[PDB]
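Asks: Dumping the structure here so I can ask a few things about it.
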Amino acid sequence: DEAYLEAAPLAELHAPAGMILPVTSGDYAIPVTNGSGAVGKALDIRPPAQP
Amino acid sequence: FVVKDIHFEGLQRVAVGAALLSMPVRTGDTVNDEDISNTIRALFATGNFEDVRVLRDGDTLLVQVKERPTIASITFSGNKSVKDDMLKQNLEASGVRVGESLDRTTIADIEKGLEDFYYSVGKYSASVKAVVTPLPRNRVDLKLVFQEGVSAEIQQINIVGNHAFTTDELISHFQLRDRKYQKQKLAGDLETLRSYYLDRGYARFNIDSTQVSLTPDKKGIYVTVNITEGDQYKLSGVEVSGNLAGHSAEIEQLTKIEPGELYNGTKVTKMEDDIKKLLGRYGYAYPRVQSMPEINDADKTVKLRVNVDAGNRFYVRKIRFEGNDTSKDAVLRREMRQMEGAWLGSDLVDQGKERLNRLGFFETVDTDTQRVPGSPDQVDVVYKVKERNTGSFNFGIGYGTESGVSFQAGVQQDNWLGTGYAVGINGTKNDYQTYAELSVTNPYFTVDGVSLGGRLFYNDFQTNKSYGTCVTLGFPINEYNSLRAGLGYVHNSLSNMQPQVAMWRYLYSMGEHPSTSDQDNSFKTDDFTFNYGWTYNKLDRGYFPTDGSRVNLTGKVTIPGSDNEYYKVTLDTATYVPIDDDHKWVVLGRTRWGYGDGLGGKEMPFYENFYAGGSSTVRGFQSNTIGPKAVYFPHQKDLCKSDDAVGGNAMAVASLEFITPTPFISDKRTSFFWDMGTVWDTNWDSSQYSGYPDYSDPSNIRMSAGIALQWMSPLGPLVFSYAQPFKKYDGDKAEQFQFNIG
Amino acid sequence: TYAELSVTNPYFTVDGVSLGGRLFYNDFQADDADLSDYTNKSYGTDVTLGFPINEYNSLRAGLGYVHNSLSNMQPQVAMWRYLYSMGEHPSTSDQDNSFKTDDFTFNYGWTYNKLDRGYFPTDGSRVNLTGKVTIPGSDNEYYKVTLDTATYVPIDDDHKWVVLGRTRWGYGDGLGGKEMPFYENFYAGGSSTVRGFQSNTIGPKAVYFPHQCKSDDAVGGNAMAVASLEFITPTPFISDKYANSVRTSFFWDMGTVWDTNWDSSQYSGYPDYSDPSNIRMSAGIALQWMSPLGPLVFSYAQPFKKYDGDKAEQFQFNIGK
Amino acid sequence: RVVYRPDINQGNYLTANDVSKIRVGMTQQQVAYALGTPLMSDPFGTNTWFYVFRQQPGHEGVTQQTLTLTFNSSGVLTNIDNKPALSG
Amino acid sequence: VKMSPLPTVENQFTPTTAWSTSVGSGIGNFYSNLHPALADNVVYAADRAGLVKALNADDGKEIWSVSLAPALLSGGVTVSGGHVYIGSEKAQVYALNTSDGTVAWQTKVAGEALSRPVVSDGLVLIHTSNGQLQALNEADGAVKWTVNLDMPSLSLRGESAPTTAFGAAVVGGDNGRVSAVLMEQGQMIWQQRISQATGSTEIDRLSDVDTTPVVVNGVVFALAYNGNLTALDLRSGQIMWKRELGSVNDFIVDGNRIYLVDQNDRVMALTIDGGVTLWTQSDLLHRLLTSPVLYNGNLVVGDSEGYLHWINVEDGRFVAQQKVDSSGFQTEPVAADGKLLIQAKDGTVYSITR
Amino acid sequence: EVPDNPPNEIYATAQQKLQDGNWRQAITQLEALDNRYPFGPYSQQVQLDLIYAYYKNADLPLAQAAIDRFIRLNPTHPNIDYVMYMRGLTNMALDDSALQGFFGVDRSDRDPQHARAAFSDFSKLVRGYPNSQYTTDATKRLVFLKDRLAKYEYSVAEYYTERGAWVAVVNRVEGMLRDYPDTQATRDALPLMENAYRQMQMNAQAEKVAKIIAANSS
C-alpha cells in the first residue's frame with residue numbers, strides 16, 4: 001500500500017542566535033547514499049531468484 | 001619427510017578448509033607418523049567419523065574416512081505419564097538435538113538418560129528402548145518406546161520427635177497425602193510445616209533431617225522428618241531503628257502490638273511487609289528492611305529487632321504502555337490516576353491498575369517497575385494489557401416479494417474505533433413488532449471525567465408506539481461516589497388496549513373521561529423529563545464484592561410543561577459484610593425501594609410502574625409477575641378480575657444472602673439466601689371494592705428461600721438461583737430456578 | 001433468551017478420552033418463527049464423553065436428563081394428537097392449557113471431519129451423525145437420528161472450481177405410543193438448509209379446531225431430507241488480486257419434510273401432509289466472505305417450485321451467524 | 001467547581017530542611033546526591049537545574065516552590081535562586 | 001510389569017501346619033522388619049498397631065494382651081533371658097518381661113527404630129533409620145554411646161541389623177559402608193564401601209548394605225542391593241573377594257555354604273569361597289521373597305503370594321509347596337529347634353512341621 | 001496435499017504454486033519440502049520462499065519466528081539484506097493490521113513498539129548494506145516511522161498539557177527535541193513547551209522557547 005509515501009519531508013530546526021539545541025542521538029536515519037533502487041509498489045517483493 | 005599435497009574425498013559433513021585449518025601440521029611442513037596421527041585426532045575433534053586410514057606412497061598423503069548416516073531426529077512410540085512436548089524438549093536437553101550427529105553409543109546414552117529422567121519423575125521402574133532408521137541423503141530417524149509400571153504411592157509420613165499436636169494435624173495440612181511423590185512438593189511441605197510451627201510460636205523450631213525410602217519393591221515412598229520443637233516462646237515488644245525517613249510515629253503505630261502474646265511467623269512477615277509498604281506509599285519504592293529476633297531463655301521472651309533503610313525517594317521518570325492496541329494511549333493514561341514526573345506513590349500506581357481493571361475492557365493488567373539504566377534515582381513504570389474485544393456483532397436481513405422486509409440488528413462495542421466511546425445499536429422488524437435503539441457515550445468529554453451520553457430509541461408494536469431521546473452529565477464528585485444529571489424526551493401513544501381499571505382511572509385522571517366499553521380507546525402524549533441520579537462505588541473487589549456497600553439512586557420529574565406531570569424515585573442498595581476479619585467468606589444484604597406518584601392533580605402513568613419478580617428483582621418468582629394483579633371491565637358483566645401482572649407505583653425488596661466459595665471442590669462458588677419483595681398501588685383504594693386484594697398497603701409481603709450458584713462465562717459473569725416460595729399468596733406464579741447474566 | 005454451559009477435560013483417560021458436560025436453558029416462543037404459536041420452555045443436562053477411533057474421527061456417547069414445559073399450544077390437530085398420545089384430555093375449545101414433562105435419555109454419534117480449510121475449503125469431506133434414544137423410562141419414549149454430510153471435490157487441481165455437496169437426513173418415532181411430534185421436530189427453509197424458503201416454513205400446516213379448519217401455519221415434521229448441490233467458481237469481476245478470499249457460489253437445493261402419522265383417513269378432507277412427494281425446490285447465487293468485523297453471506301434464490309402458501313424469502317443477508 | 005479531580009503533584013519533593021543543604025561551591029555530582037536528581041534540566045545550551053516542587057490537590061490553591069541553580073562549565077555551583085511561592 | 005507364573009510341584013514333603021494364632025491386627029502392606037522370635041518354648045509376636053502377645057510354641061496359646069498404646073510397634077521382637085525388646089517407628093524402645101509381659105521401661109532413641117534389636121553383652125543395639133547407631137544398656141534402657149553414619153537422601157529401609165563377635169559389632173549402612181565398632185565405647189575400627197554405584201543422578205546411587213551381615217571364623221560376609229556379596233577381614237576390613245551373582249537381602253550361611261536371594265527374586269547358593277554358584281533356581285522372579293530359614297535340613301522360604309518353597313539344602317531342586325497362608329508375608333520367617341515359625345501380613349501366626 | 005514424501009522435483013510445481021499465489025498450497029508444500037529436506041541444496045532458497053509465502057499469507061507472527069530462525073541459522077547469507085528488509089516490513093505490517101483501514105481513523109496514537117522495532121531494523125539495514133537496491137525504499141520507510149513515533153510523543157505531551165502535569169510535558173517535549181529534532185510533530189509540539197513553561201512561571205525558559213519557535217515557524 002502507498003500510504004507511507006507522501007509522509008512529510010524532514011526539515012531540520014534552525015538554531016536561534018546565542019544558544020544551541022541539545023545533542024541528538026538514537027532514532028537518526030542515515031541518508032539514502034544515492035540509493036538508486038525502486039520505490040513503493042515498484043519494489044520487487046519476490047525473494048532472490050537464486051542463491 | 002615433507003608432504004606437498006593431501007588427498008581428500010567425501011567432505012559431506014566437513015569442508016576441506018575446515019580440515020586444513022584444524023590439522024596441526026599443514027601442507028609443506030615436516031611431518032611423520034606421529035604428526036599424521038595428530039592430524040587424524042584433530043579431525044576427530046571436528047566431529048567426523050571414527051574409521052579412517054592414511055597411506056604414504058610419495059610426495060602426497062591419502063586419507064579416507066567412512067561416512068555413514070548420522071544426522072538424527074527424535075520420535076517416540078506413545079507417552080502417557082509424560083506429555084510429548086516435555087518429552088521432546090527434555091530429549092533435546094539430554095543431547096539429541098534435532099539435526100545433531102547420532103551413533104549406537106548415543107542410542108545407549110539416550111536410553112540410559114531417559115531411564116534416569118523417568119526415575120526422576122517418580123516412576124522408578126520405567127524402562128526405555130530405542131531404534132534408528134535411515135533416511136535419504138545420509139540421514140537417520142530415531143524411534144524409542146517405554147516400559148513402565150505404577151508410579152510410587154507415598155505411605156506413612158512418620159513425623160517423629162514432636163510433642164505438641166500430633167501427626168494427623170501436620171499431614172492434613174500437607175499436599176502430600178499419606179497421592180504421588182514429588183521432591184519439589186517435599187520442599188513445599190517442609191516449608192508448610194516450618195511455617196505452621198512458627199505461627200504457633202515455637203520460634204526455635206528446627207528440622208535437622210529428612211529422607212525418603214523406597215520399599216525393595218519400589219512401589220511406594222516412606223517420608224520421614226525429625227523435629228526439634230524447643231520451648232514455648234513468647235513475644236516481647238518490637239523495637240525499630242535505622243535510616244527511617246522521620247515517619248517514626250506512623251511506623252510505631254503500625255509495628256506496636258501488646259506484649260506477652262505468642263510469637264507468630266506470618267505475623268512478623270506481615271508487619272515487615274506493611275512497614276515496607278508504608279515506606280512505599282510515601283515514595284521509598286525500594287527500602288532495605290531486615291528483621292532479627294532477640295531470643296532469650298529469660299522468660300522465653302522474644303523481642304524482634306527490625307532495621308529499615310529507606311534509601312532514595314524515587315521519581316517516576318516515564319510511564320509507558322505495551323499491548324495498548326485498538327485503544328489510543330489517551331484512554332489508558334487518563335484512567336491512570338498516577339502522574340508522570342511525580343514521586344512514586346506505590347499504591348497510587350496500584351490504584352491506577354485497579355481503575356484499569358474497573359474499566360473492564362482489558363483481559364489482564366500487569367504492573368512492572370524498573371530502574372532507568374545508569375541513573376540511581378528514577379523509576380520507569382510500564383503497564384502490560386490484553387484486549388477483551390467486546391465487539392459482539394450480529395446482523396440479518398431478509399427480503400421477499402410476499403415478505404417485503406424483515407431484519408434484526410445488534411451492535412454493542414465499547415471503544416468502537418478505540419478512543420473511548422460506547423456505541424450500542426439494536427433493531428428489529430418482525431411482522432408484529434418494529435424496534436430500534438442507538439446510544440453513544442463519550443465518558444471523558446472533559447479529562448476530569450465529566451461524562452456525556454445520549455440515547456435515541458424507537459419502539460413500535462403492530463398496539464403501542466413510543467420514541468424518545470435523553471442525555472446525561474455524569475461528573476464524578478469524590479474518590480468513591482459518583483453523581484449524574486440528565487434530560488430527555490419521550491413520546492407515547494397507545495391504542496386499543498384491554499379495558500383495565502388501573503389504566504382507566506389513570507386516563508380519567510387526565511380529566512379525559514374514557515369510554516368504558518368496546519376497546520375503542522386511543523391516547524397519545526409527549527413527555528419531557530429531567531433526571532437526577534446518585535451512586536456509591538465502594539466495594540473494593542474486581543469481580544465478587546466482599547466487604548463494601550454500594551448505593552444507587554435515580555430520579556425523574558416532568559415539570560417542563562409535559563402532557564403528564566409525575567415523579568419517580570428508585571433507590572438501590574447492596575451492603576456486604578465479611579465473616580470476622582476474613583474476606584474470603586461473606587454475607588450481604590441487597591435491597592431496593594421504588595416509589596412513584598402523580599403530580600399536577602394527575603396520577604402516575606401506568607407504563608412507568610415498577611415491576612417485581614424474576615432474578616432481576618426478587619428470587620423465587622416469575623419475572624415481573626409479582627406486581628398487583630390487573631382488573632378488567634367485562635367482555636369476551638361485573639368488574640371482572642384476572643390474575644395478570646400490572647406494575648405497581650411503589651415497591652420494596654429486601655433479600656439477605658451469604659456468598660460462599662465453599663471448598664467442597666478444590667477452591668480452584670455458591671450461596672444461600674432469605675428473600676422478600678412486595679408491590680403496592682397507592683391510588684388503588686379499597687373503598688371502591690369488596691372481595692379484592694389489599695393493594696393499598698404492602699401487607700402482602702411475599703418471600704422465598706433457596707440457594708444460588710455463580711460462574712464465569714465468556715460474555716458476562718453468570719448467576720444461577722434456586723428457590724421455593726415459602727411465603728406466597730393466591731395467583732402468585734413461580735418456578736423453582738432461573739438464570740441471569742450479571 | 002438462550003443460554004448454555006459447557007466444559008470439557010481432554011483426558012478422563014490418557015487415550016484422549018475426553019468428558020464434556022453440557023447444561024442448557026431455553027425460552028422459545030413459536031411465534032418468533034413461522035411455527036404454529038406455542039411456548040416451549042426447557043432445561044436439562046447431558047454428560048458426554050468424546051474420543052477418537054482413527055485419525056480425525058470422533059466418537060461420542062452420553063446420558064442425558066431434560067425438563068420440558070409447554071403452554072398455550074394453539075388448538076390444532078397435531079398438538080392435541082400429542083396430548084391424546086400422552087393421554088391428557090385436550091382442551092380443544094380453549095387454548096388456556098399447559099403441559100410439562102421430565103425426560104431421561106441417551107445419545108450416540110459419529111464425526112468424519114476429513115476437512116481441509118475452515119474457510120474457503122476446496123478438497124475435503126465432513127460427516128456429522130448423532131442419534132438420540134430415550135432410555136426405557138422418561139416421559140417421552142422418542143428416538144431420533146440426525147445425519148449431516150458435506151463433501152468437497154475439486155474439478156481443477158488449482159482448487160478454484162470445487163463442488164460443495166450437502167445432504168441432511170433425520171428420522172424419529174419412538175417406542176410404543178409416545179410419539180415425538182411436538183417438541184423435537186425438524187424444520188426446513190431459512191438461510192441454512194434450502195435457501196430461499198422462509199425460516200422453518202417447509203412441512204405440514206396444522207388444522208384448527210373451532211375455538212373460543214386448515215391453517216397455513218407450520219408445525220414442523222418428524223421426517224426430513226434436505227439436500228444442496230452448490231457449485232463454486234472464481235468471481236467474474238471483483239479484484240481477484242485482493243478478493244481471492246471472497247467466495248462466490250451457484251447452488252441448487254432440495255427440501256422435503258413429512259409427518260409419518262398424518263392420518264389421511266381421519267384428515268381425509270385436508271391436504272395429505274404425510275406424503276413426502278411434495279419436495280420443495282430452490283436454486284440461486286450466494287456470496288460468502290470473511291471481513292475484519294465479521295463473516296458475511298448474501299444469497300438470492302428463485303424458489304422456482306413450491307406449494308401453495310410456502311412463504312418465499314428471495315434474498316438473505318447475515319453477518320456473524 | 002466541585003466536580004472532583006485527582007491531586008496534581010509535580011517535580012522533586014523539595015523540603016525546608018533539605019534546601020539548606022544547597023550551598024555555593026558544591027560539585028554538581030554532590031548536589032545530585034544532596035537533593036536527588038533534577039526532574040528538569042535546561043536543554044538549551046547551559047548547565048542549569050530547575051528543581052520544582054508543585055502540588056495542586058482537588059481544587060484548592062496551587063502551591064509551588066521553584067528552585068533554580070546554575071553550574072558553570074565543569075560543574076561547580078555558582079548561585080542559588082529560590083522563589084518560595086508562585087508568582088501570585 | 002513382569003511377574004512369576006507361580007511354579008508348581010507335587011508335594012513330596014507334604015508339610016503341614018501344627019498350629020496357628022490370630023494374635024490381632026496385621027502389618028498391612030507396610031514393608032517392615034517385624035518377625036517374631038522364640039525362647040524356651042514360648043514365642044513372641046507383635047502387631048503393628050501396638051498389640052503384642054506371648055504364645056506357647058506347641059499350641060499357640062497366648063498369655064498377654066498389652067498394647068503399649070498410634071505407637072507403630074515395629075522392629076520386631078528380640079528376647080534375651082528375662083527381657084523382651086522391640087523397637088517402634090516413633091523412636092521409642094520398650095522393654096518387656098518374658099515371665100508376664102509387664103513393662104520394664106520405655107526409652108527414647110534418635111529417630112525411628114526400624115532395625116531389629118540385637119542383644120549383646122548387656123547392650124541392646126538399634127540402628128535407627130537416621131543412620132545413627134545407638135546402644136541401650138540391657139539393664140535400664142539409658143543410651144550408652146552413639147555413632148553417626150552419613151546417609152544418601154534416598155535409600156531402602158535401613159534394617160541393617162548389627163551382629164557382634166569378639167567384643168565388636170559389624171553393621172550395615174545406607175551409604176554402603178560396612179563399619180566395625182568396638183562394643184565397649186562405640187569407637188569405629190574400619191569402613192569399606194561395599195560396591196560401585198552412581199550410574200544415575202540418584203537411583204543408581206543406591207548402594208544399600210541393607211541386609212544384616214554375618215561373621216564366621218573372623219570372615220565377614222556382606223551384601224548390598226545394587227552391589228555384590230563380599231568377603232572382608234574382620235580385623236582389617238579390607239575386602240577379600242567379590243560376588244556379582246545376586247545382592248538383594250537377608251542372606252544365610254550354614255554348613256560352609258552360602259545361601260542368598262537375587263534382586264531378581266531368585267534363590268541361589270555360593271561355594272565355600274569365591275562368588276560362583278553351584279546351582280540357581282528360576283521363575284521365582286519379580287515377586288516378593290523373604291529371608292530363608294533352613295530349619296531342619298530343608299531350605300525353606302516364603303512367597304508374597306501366600307506359600308512356602310521347600311528347596312534341597314545342597315541342590316536347587318524345588319520339592320514342595322502350598323502351605324498357603326492368608327494374604328501372604330512381608331516379614332522374615334525364623335528358625336527354631338525342630339520347629340518353624342512365620343507371620344502373615346494380616347498378623348496371623350503359623351507354624352509348619354513334618 | 002498429502003504429507004507423503006515427494007521427490008525434490010516438487011520445487012517446480014511448488015514454485016509454480018508460489019508464482020500463481022496459491023498461498024496455502026505454497027506454504028504447506030514449501031514447509032513440507034524444507035522439513036523433508038532441511039539441509040539439501042534447496043535449503044536456503046526454499047527457506048526464503050517460505051518466508052515470502054508466509055508474508056503473502058498474512059500469517060505475520062509465523063514470519064517473525066521464521067526470520068529469527070533464518071538469522072540464527074545463517075547470519076551471513078549472501079541475500080541476508082533481503083531478510084532484514086522483510087523483518088522490518090513484517091513489523092510494520094503487524095502495526096497496520098487493525099480493522100480501521102476502512103474507517104480511516106488514524107492509529108498514530110496506538111502502541112509504538114512495533115513501529116519502533118521496524119524503524120530499528122530498517123535503520124540497521126540502511127547502515128549495514130546501503131548499496132543494496134532495497135535501501136531507498138527502506139529510507140522511505142524510515143522517514144515515515146520517524147514521523148509516526150514523533151506524533152505519538154506529541155500526543156502524550158498534548159494529553160499532559162490538558163491535565164496540567166506541566167513538568168511531564170516539558171520533559172517529554174524535551175525528549176522529542178533530543179530524538180526527533182526535525183519532524184513535523186516537534187514543530188507542532190514547541191507551542192506546548194512554551195505553554196508548559198508559562199503555567200510554571202519559568203519565564204527564564206519561556207523567553208527562550210518562544211524565540212526558538214518564532215525563529216523557525218513558517
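Going through the C-alpha cells in order, the chains are called A, B, and so on, while each chain numbers its residues from 1 and the ligands are numbered from 1 in the order shown.
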If we count only C-alpha atoms, what is near residue 39 of chain A at a cut-off of 6 Å, once residues fewer than 3 positions away on the same chain are taken out, given as number ranges by chain?

Replies: A: 42-43; F: 137

Asks: Those same residues, written as a PDB file, in the first residue's frame with C-alpha atoms?

Replies:
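Saved result, out-v7.pdb, follows:
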ATOM      1  CA  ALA A  42       7.656  -0.695  -7.976  1.00  0.00           C
ATOM      2  CA  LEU A  43       9.705  -2.747  -5.494  1.00  0.00           C
TER       3      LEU A  43
ATOM      4  CA  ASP F 137      12.514   2.203  -0.047  1.00  0.00           C
TER       5      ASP F 137
END

Asks: Sorted by chain and rising residue number, list the residues of segment 14-78 of chain D at most 9 Å from segment 18-37 of chain A (counting only C-alpha atoms), each with its closest atom pair and distance in Å to one decimal, as CSV.

Replies:
residue,atom,partner,partner_atom,distance
D:43,CA,A:22,CA,5.5
D:44,CA,A:21,CA,5.4
D:45,CA,A:20,CA,5.3
D:46,CA,A:19,CA,8.5

Asks: Can you tell me which residues surround segment 126-130 of chain E at a distance of at most 6 Å, considering only C-alpha atoms, apart from same-chain residues fewer than 6 positions away, and format the answer as a VMD selection string?

Replies: chain E and resid 111 to 115 117 158

Asks: Tell me the residues of chain B close to chain D, meaning within 9 Å using only C-alpha atoms, as a ChimeraX atom specification.

Replies: /B:312-315,317,337-343,375-378,447-450,475-479

Asks: For the residues selected in the previous step, produce a file with N, CA and C atoms as a PDB file, in the first residue's frame.

Replies:
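Written out: again39.pdb:
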ATOM      1  N   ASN B 312      16.784   6.045  48.702  1.00  0.00           N
ATOM      2  CA  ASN B 312      16.373   7.244  47.984  1.00  0.00           C
ATOM      3  C   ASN B 312      14.860   7.298  47.799  1.00  0.00           C
ATOM      4  N   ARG B 313      14.326   8.517  47.724  1.00  0.00           N
ATOM      5  CA  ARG B 313      12.983   8.725  47.194  1.00  0.00           C
ATOM      6  C   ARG B 313      13.026   8.657  45.673  1.00  0.00           C
ATOM      7  N   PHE B 314      12.186   7.807  45.090  1.00  0.00           N
ATOM      8  CA  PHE B 314      12.220   7.529  43.661  1.00  0.00           C
ATOM      9  C   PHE B 314      11.150   8.319  42.911  1.00  0.00           C
ATOM     10  N   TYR B 315      11.547   8.956  41.810  1.00  0.00           N
ATOM     11  CA  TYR B 315      10.644   9.690  40.931  1.00  0.00           C
ATOM     12  C   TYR B 315      10.380   8.880  39.667  1.00  0.00           C
ATOM     13  N   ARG B 317      10.118   8.621  36.142  1.00  0.00           N
ATOM     14  CA  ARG B 317      10.553   9.435  35.009  1.00  0.00           C
ATOM     15  C   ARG B 317       9.587   9.354  33.835  1.00  0.00           C
ATOM     16  N   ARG B 337      -4.409   7.082  37.446  1.00  0.00           N
ATOM     17  CA  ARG B 337      -4.549   8.113  38.462  1.00  0.00           C
ATOM     18  C   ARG B 337      -3.200   8.595  38.985  1.00  0.00           C
ATOM     19  N   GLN B 338      -2.097   8.014  38.513  1.00  0.00           N
ATOM     20  CA  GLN B 338      -0.750   8.390  38.927  1.00  0.00           C
ATOM     21  C   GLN B 338      -0.048   9.201  37.843  1.00  0.00           C
ATOM     22  N   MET B 339       0.496  10.351  38.231  1.00  0.00           N
ATOM     23  CA  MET B 339       1.013  11.329  37.286  1.00  0.00           C
ATOM     24  C   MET B 339       2.472  11.055  36.956  1.00  0.00           C
ATOM     25  N   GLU B 340       2.835  11.311  35.702  1.00  0.00           N
ATOM     26  CA  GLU B 340       4.234  11.367  35.301  1.00  0.00           C
ATOM     27  C   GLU B 340       4.965  12.501  36.011  1.00  0.00           C
ATOM     28  N   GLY B 341       6.250  12.280  36.276  1.00  0.00           N
ATOM     29  CA  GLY B 341       7.062  13.284  36.932  1.00  0.00           C
ATOM     30  C   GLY B 341       6.750  13.541  38.387  1.00  0.00           C
ATOM     31  N   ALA B 342       5.965  12.689  39.031  1.00  0.00           N
ATOM     32  CA  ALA B 342       5.725  12.779  40.462  1.00  0.00           C
ATOM     33  C   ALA B 342       6.620  11.805  41.219  1.00  0.00           C
ATOM     34  N   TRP B 343       6.689  11.996  42.531  1.00  0.00           N
ATOM     35  CA  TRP B 343       7.197  10.935  43.387  1.00  0.00           C
ATOM     36  C   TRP B 343       6.278   9.723  43.303  1.00  0.00           C
ATOM     37  N   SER B 375      21.160   5.409  36.035  1.00  0.00           N
ATOM     38  CA  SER B 375      20.829   6.535  36.894  1.00  0.00           C
ATOM     39  C   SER B 375      20.172   6.022  38.168  1.00  0.00           C
ATOM     40  N   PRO B 376      20.538   6.572  39.330  1.00  0.00           N
ATOM     41  CA  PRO B 376      20.259   5.890  40.598  1.00  0.00           C
ATOM     42  C   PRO B 376      18.890   6.175  41.185  1.00  0.00           C
ATOM     43  N   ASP B 377      18.127   7.089  40.596  1.00  0.00           N
ATOM     44  CA  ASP B 377      17.116   7.829  41.329  1.00  0.00           C
ATOM     45  C   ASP B 377      15.748   7.844  40.668  1.00  0.00           C
ATOM     46  N   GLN B 378      15.601   7.305  39.465  1.00  0.00           N
ATOM     47  CA  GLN B 378      14.398   7.496  38.672  1.00  0.00           C
ATOM     48  C   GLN B 378      13.861   6.152  38.208  1.00  0.00           C
ATOM     49  N   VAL B 447     -11.374  15.890  30.598  1.00  0.00           N
ATOM     50  CA  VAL B 447     -10.427  14.962  31.204  1.00  0.00           C
ATOM     51  C   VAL B 447     -10.690  14.748  32.687  1.00  0.00           C
ATOM     52  N   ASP B 448     -11.448  15.639  33.326  1.00  0.00           N
ATOM     53  CA  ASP B 448     -11.838  15.436  34.717  1.00  0.00           C
ATOM     54  C   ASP B 448     -12.788  14.262  34.903  1.00  0.00           C
ATOM     55  N   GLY B 449     -13.332  13.708  33.826  1.00  0.00           N
ATOM     56  CA  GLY B 449     -14.281  12.620  33.918  1.00  0.00           C
ATOM     57  C   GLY B 449     -15.732  13.022  33.782  1.00  0.00           C
ATOM     58  N   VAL B 450     -16.015  14.255  33.374  1.00  0.00           N
ATOM     59  CA  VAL B 450     -17.386  14.691  33.161  1.00  0.00           C
ATOM     60  C   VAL B 450     -17.958  13.943  31.966  1.00  0.00           C
ATOM     61  N   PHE B 475     -20.744  13.846  36.157  1.00  0.00           N
ATOM     62  CA  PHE B 475     -19.481  14.308  36.732  1.00  0.00           C
ATOM     63  C   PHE B 475     -19.178  13.603  38.054  1.00  0.00           C
ATOM     64  N   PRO B 476     -18.054  12.893  38.169  1.00  0.00           N
ATOM     65  CA  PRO B 476     -17.609  12.396  39.476  1.00  0.00           C
ATOM     66  C   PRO B 476     -17.482  13.507  40.508  1.00  0.00           C
ATOM     67  N   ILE B 477     -17.714  13.150  41.773  1.00  0.00           N
ATOM     68  CA  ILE B 477     -17.829  14.136  42.844  1.00  0.00           C
ATOM     69  C   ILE B 477     -17.116  13.680  44.111  1.00  0.00           C
ATOM     70  N   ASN B 478     -16.493  12.508  44.083  1.00  0.00           N
ATOM     71  CA  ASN B 478     -15.482  12.179  45.081  1.00  0.00           C
ATOM     72  C   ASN B 478     -14.605  11.060  44.534  1.00  0.00           C
ATOM     73  N   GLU B 479     -13.742  10.509  45.390  1.00  0.00           N
ATOM     74  CA  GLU B 479     -12.978   9.328  45.000  1.00  0.00           C
ATOM     75  C   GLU B 479     -13.907   8.161  44.707  1.00  0.00           C
TER      76      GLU B 479
END

Asks: Using the chain letters and numbers from this document, which residues of segment 342-488 of chain B does DSSP assign to strand (DSSP E), as a ChimeraX atom specification?

Replies: /B:362-371,378-387,393-399,406-414,422-429,433-441,452-461,464-473,481-488

Asks: Got a sec: who's within 6 Å of segment 62-70 of chain D, counting only C-alpha atoms, leaving out chain neighbours fewer than 4 positions off, as a short mmCIF file (atom, residue, chain, number, x, y, z; two decimals) with N, CA and C atoms, in the first residue's frame?

Replies:
data_model
loop_
_atom_site.label_atom_id
_atom_site.label_comp_id
_atom_site.auth_asym_id
_atom_site.auth_seq_id
_atom_site.Cartn_x
_atom_site.Cartn_y
_atom_site.Cartn_z
N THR D 48 22.06 24.13 33.82
CA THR D 48 21.26 24.59 34.95
C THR D 48 20.19 23.55 35.26
N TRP D 49 19.88 23.41 36.55
CA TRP D 49 18.83 22.51 37.02
C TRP D 49 17.66 23.33 37.55
N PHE D 50 16.45 22.95 37.13
CA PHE D 50 15.22 23.53 37.65
C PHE D 50 14.52 22.51 38.54
N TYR D 51 14.92 22.46 39.81
CA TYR D 51 14.07 21.78 40.78
C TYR D 51 12.74 22.52 40.88
N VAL D 52 11.65 21.78 40.82
CA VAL D 52 10.33 22.32 41.09
C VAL D 52 9.62 21.40 42.07
N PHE D 53 9.06 21.97 43.12
CA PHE D 53 8.05 21.30 43.94
C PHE D 53 6.72 21.96 43.64
N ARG D 54 5.73 21.16 43.25
CA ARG D 54 4.42 21.70 42.91
C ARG D 54 3.34 20.72 43.36
N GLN D 55 2.31 21.24 44.02
CA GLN D 55 1.12 20.46 44.32
C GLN D 55 -0.12 21.27 43.97
N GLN D 56 -1.14 20.57 43.47
CA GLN D 56 -2.46 21.15 43.25
C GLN D 56 -3.49 20.07 43.58
N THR D 78 27.41 27.82 41.15
CA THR D 78 27.71 29.25 41.17
C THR D 78 26.70 30.08 41.95
N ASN D 79 25.42 29.71 41.94
CA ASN D 79 24.41 30.54 42.59
C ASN D 79 23.19 29.70 42.95
N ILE D 80 22.31 30.31 43.74
CA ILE D 80 21.05 29.71 44.18
C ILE D 80 19.97 30.78 44.11
N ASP D 81 18.98 30.59 43.24
CA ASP D 81 17.80 31.45 43.19
C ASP D 81 16.59 30.65 43.66
N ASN D 82 16.05 31.04 44.81
CA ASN D 82 14.89 30.39 45.41
C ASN D 82 13.70 31.33 45.30
N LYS D 83 12.62 30.85 44.69
CA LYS D 83 11.32 31.52 44.79
C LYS D 83 10.42 30.68 45.68
N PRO D 84 10.11 31.11 46.91
CA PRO D 84 9.36 30.26 47.84
C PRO D 84 7.87 30.20 47.58
N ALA D 85 7.36 30.88 46.56
CA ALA D 85 5.94 30.81 46.25
C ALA D 85 5.72 31.07 44.77
N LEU D 86 4.55 30.65 44.30
CA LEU D 86 4.09 31.02 42.97
C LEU D 86 3.99 32.54 42.86
#

Asks: Counting only C-alpha atoms, what is within 12 Å of segment 112-121 of chain C, bar same-chain residues fewer than 4 positions away, as a PyMOL selection string?

Replies: (chain C and resi 52-59+125-130+147-154+159-164+232-234+244-249+287-291+295) or (chain F and resi 1-2+24-25+28)

Asks: Atom CA of residue 672 of chain B to atom CA of residue 726 of chain B: how many Å, to one decimal?

Replies: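 Taking atom CA of residue 672 of chain B and atom CA of residue 726 of chain B, their separation equals 14.5 Å.
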
Asks: Using only C-alpha atoms, which of the listed residues (F:155, F:140, F:202, F:194) sits closest to residue 38 of chain A?

Replies: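 That would be F:140, the residue with the smallest distance to residue 38 of chain A.
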
Asks: Sorted by chain and rising residue number, which residues of chain C lie within 8 Å of chain F, and what are their closest atom pairs and distances in Å to one decimal, counting only C-alpha atoms, as a Markdown table?

Replies:
| residue | atom | partner | partner_atom | distance |
| --- | --- | --- | --- | --- |
| C:158 | CA | F:22 | CA | 7.9 |
| C:292 | CA | F:99 | CA | 5.6 |
| C:293 | CA | F:99 | CA | 7.2 |

Asks: Selected residues, C-alpha atoms, written as a CSV table (one decimal), in the first residue's frame, please.

Replies:
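As written to disk, out.csv reads:
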chain,number,residue,atom,x,y,z
C,158,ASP,CA,-5.9,-25.2,-9.0
C,292,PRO,CA,-12.4,-7.9,9.8
C,293,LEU,CA,-15.7,-7.1,11.7
